[PDB]
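Read through the structure below, which is laid out as structure tokens, and then see the notes.
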Amino acid sequence: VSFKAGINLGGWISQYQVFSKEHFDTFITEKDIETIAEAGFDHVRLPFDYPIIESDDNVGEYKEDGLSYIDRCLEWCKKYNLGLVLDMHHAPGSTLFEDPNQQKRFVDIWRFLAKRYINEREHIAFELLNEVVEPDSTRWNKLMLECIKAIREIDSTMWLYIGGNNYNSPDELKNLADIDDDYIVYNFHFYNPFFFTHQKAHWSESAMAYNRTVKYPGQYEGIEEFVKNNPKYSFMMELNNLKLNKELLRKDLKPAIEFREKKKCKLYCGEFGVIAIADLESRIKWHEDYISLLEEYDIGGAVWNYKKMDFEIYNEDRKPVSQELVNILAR
Numbered sequence: 002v003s004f005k006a007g008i009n010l011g012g013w014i015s016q017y018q019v020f021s022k023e024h025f026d027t028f029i030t031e032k033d034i035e036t037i038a039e040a041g042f043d044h045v046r047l048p049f050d051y052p053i054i055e056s057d058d059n060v061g062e063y064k065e066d067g068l069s070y071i072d073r074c075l076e077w078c079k080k081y082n083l084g085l086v087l088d089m090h091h092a093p094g103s104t105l106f107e108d109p110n111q112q113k114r115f116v117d118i119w120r121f122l123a124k125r126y127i128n129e130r131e132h133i134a135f136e137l138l139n140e141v142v143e144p145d146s147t148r149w150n151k152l153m154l155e156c157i158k159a160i161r162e163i164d165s166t167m168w169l170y171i172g173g174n175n176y177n178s179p180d181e182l183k184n185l186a187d188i189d190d191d192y193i194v195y196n197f198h199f200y201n202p203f204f205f206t207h208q209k210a211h212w213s214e215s216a217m218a219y220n221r222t223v224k225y226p227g228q229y230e231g232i233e234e235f236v237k238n239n240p241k242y243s244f245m246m247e248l249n250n251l252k253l254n255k256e257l258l259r260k261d262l263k264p265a266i267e268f269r270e271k272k273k274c275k276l277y278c279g280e281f282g283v284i285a286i287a288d289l290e291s292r293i294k295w296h297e298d299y300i301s302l303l304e305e306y307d308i309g310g311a312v313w314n315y316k317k318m319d320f321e322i323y324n325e326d327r328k329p330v331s332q333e334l335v336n337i338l339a340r
């Protein structure tokens with residue numbers, strides 16, 4: 002069981018449109034894990050949102066019906082020799106770093122999960138929290154240290170994936186508190202250049218305003234003309250005529266590499282990808298360049314996303330959007 006070439010299962014028990022059993026039971030099935038396993042991936046990252054495990058009305062009572070989804074996924078992975086990175090996407094409250110109570114629930118959910126899977130030693134790793142956007146890392150470091158401690162009381166050797174501030178930015182790793190612990194893997198997400206990977210992203214106001222098709226390798230066009238029309242996105246002027254190429258990707262990856270040089274730790278890129286509406290040749294090339302960098306620096310990771318979520322690698326018929334793309338991603 003290795004955690005090097007994975008794929009995310011976003012939209013299943015996280016970022017689900019509607020909380021419906023029909024969805025939860027149909028979105029991901031053993032046939033999907035089989036498909037992923039067959040394609041050559043070695044693990045899947047599974048983001049989950051709290052409510053499918055804990056309801057705000059009766060805090061502390063965990064849902065077996067919700068848990069059955071994680072349990073069954075674990076069973077499917079074991080059968081196909083895949084690893085599973087259980088990832089908490091949305092946590093209690103964001104008020105989490107404000108409200109002591111939301112923090113208590115956060116650590117208790119992890120304490121509960123550590124016990125629940127205490128006998129699974131090689132197929133599961135825990136990834137604490139994705140959603141982190143703070144002015145600085147002081148409060149996340151406090152909560153994170155408390156969370157590691159609680160988990161360690163129960164399981165001294167479970168692998169814990171920890172990311173930094175600003176959505177696990179690679180330049181925020183240096184701001185995390187020192188964790189003298191041998192079973193930690195440091196996580197970072199990578200979506201650079203943002204306007205290429207999220208070109209026309211409906212959810213990005215800035216991307217939706219700019220509204221431009223971007224090729225890779227290539228460059229940002231009409232930035233100056235766009236800012237002129239939209240003074241509100243003046244900050245974008247810094248990107249005027251930016252050249253998008255492999256050297257740009259290596260530059261953006263440098264902060265994670267430096268951090269590792271100092272901490273002598275393991276790194277993991279839990280999310281990276283290109284919006285599916287981008288031209289295929291560019292979409293393939295970006296992944297190819299990025300994966301070559303991950304391979305060069307020996308960094309494992311998981312591409313966003315398996316199906317749907319606008320970053321699909323596979324269609325609903327469980328067939329890859331491109332075989333070359335999957336081959337690249339399976340390393």
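All the letters of the sequence shown, read from the start, carry residue numbers 2 to 94, 103 to 340 under the authors' numbering.
No residue lacks a Cβ here, since even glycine has one placed at the ideal position from N, Cα and C.
query, result
"Outcome for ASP43 when other beta-carbon atoms lying within 10 angstroms are tallied against a minimum of 16", "buried"
"Option nearest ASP319 by Cα separation, candidates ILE171, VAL116, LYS209 and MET89", "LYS209"
"Buried versus exposed, by CB contacts within 10 Å (16 or more), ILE286", "exposed"
"Secondary structure, beta strand (DSSP E): runs of 3+ residues fully inside the segment 289-316", "309-312"
"Test item: CB-CB of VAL116 and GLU155 under 8 Å", "yes"
"Rounded separation between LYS64 and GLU55 - CA only", "6 Å"
"Exposure of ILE127, with buried meaning 16 or more beta-carbon neighbours within 10 Å", "exposed"
"Same chain, Cβ closer than 6 Å to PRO329, five either side skipped, listed in chain order", "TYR323 and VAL335"
"In DSSP terms, what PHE199 is bridged to", "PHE281"
"Classification of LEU289 by the beta-carbon crowding that lies within 10 angstroms, buried from 16 upward", "exposed"
"Local conformation of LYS183 per DSSP, three classes", "helix"
"Contacting residues, own chain, Cβ-Cβ under 7 Å from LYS224 (five flanking each side not counted)", "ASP288 and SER291"
"Cβ distance (whole Å) where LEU248 is taken to contact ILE232 below 8 Å", "6 Å"
"Integer Cβ distance of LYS255 from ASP298, believed to fall under 8 Å", "5 Å"
"Bridge-paired residues (DSSP) for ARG46", "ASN9 and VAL86"
"Three-state secondary structure (DSSP) of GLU136", "strand"
"Beta-carbon spacing of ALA123, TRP168 below 8 Å", "no"
"Backbone CA spacing between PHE199 and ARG73 [nearest angstrom]", "29 Å"
"Exposed unless 16 or more other CB atoms sit within 10 angstroms - verdict on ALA186", "exposed"
"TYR242: first and last residue of the uninterrupted alpha helix (DSSP H) it sits in", "Careful: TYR242 lies outside any alpha helix (DSSP H) and carries neither H nor E."
"Secondary structure of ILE171, DSSP reduced to three states", "strand"
"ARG46 burial status per 10 Å Cβ neighbour count (16 or more: buried)", "buried"
"The segment 162-176 contacting the segment 132-146, beta-carbon criterion three pairs below 8 Å", "yes"
"For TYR242 and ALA218, believed in contact at Cβ under 8 Å, the rounded distance", "6 Å"
"Cβ pair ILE266, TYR306 closer than 8 Å", "yes"
"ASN150, enclosing alpha helix (DSSP H) - first and last residue", "147-163"
"Whether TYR81 touches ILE34 by CB criterion (8 Å)", "yes"
"Beta-carbon gap between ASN201 and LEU258 smaller than 8 Å", "yes"
"Cutoff 6 Å; reference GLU31; Cβ partners in own chain excluding five residues on either side", "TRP77"
"Under 8 Å between C-beta atoms of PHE49 and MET89", "yes"
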